[PDB]
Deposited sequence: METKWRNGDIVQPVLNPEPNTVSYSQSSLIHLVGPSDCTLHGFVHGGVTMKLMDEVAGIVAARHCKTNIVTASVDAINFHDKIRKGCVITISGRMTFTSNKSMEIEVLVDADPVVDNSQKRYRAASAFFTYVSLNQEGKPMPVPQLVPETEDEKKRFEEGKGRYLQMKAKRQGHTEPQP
């Protein structure tokens, strides 16, 4: 199971206490989850190279519990792509998709450059397809 999607899949879950949560609070939390999955996959130092298609689908209010999930989608020789999803749940009554993004993470050698990365191996058809999509987005750079 090392270097598979299920091995590094991670989530965080937060109680967020005008009235709605800033995009920045959400972005930061999305980057932490992606960091966590990058970290589980690599076991080295890890840093955000770029972030694409941060889309806020709709607002998040005070007293929601948000579930920030991450799954690795694709790896090049020296980079990891991680899809991050954000769901929001009211503490009284249902679950809705609030944000999503693709993070590309990099692992740095002692001179601050990307180094060879363990390769993600897509096992299911879902994973093979997301890998293929990841490859596409990466070649667009």
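- Residues 1-17, 35-40, 117-119, 168-179 of the deposited sequence, counted from 1, carry no C-alpha coordinates in the model.
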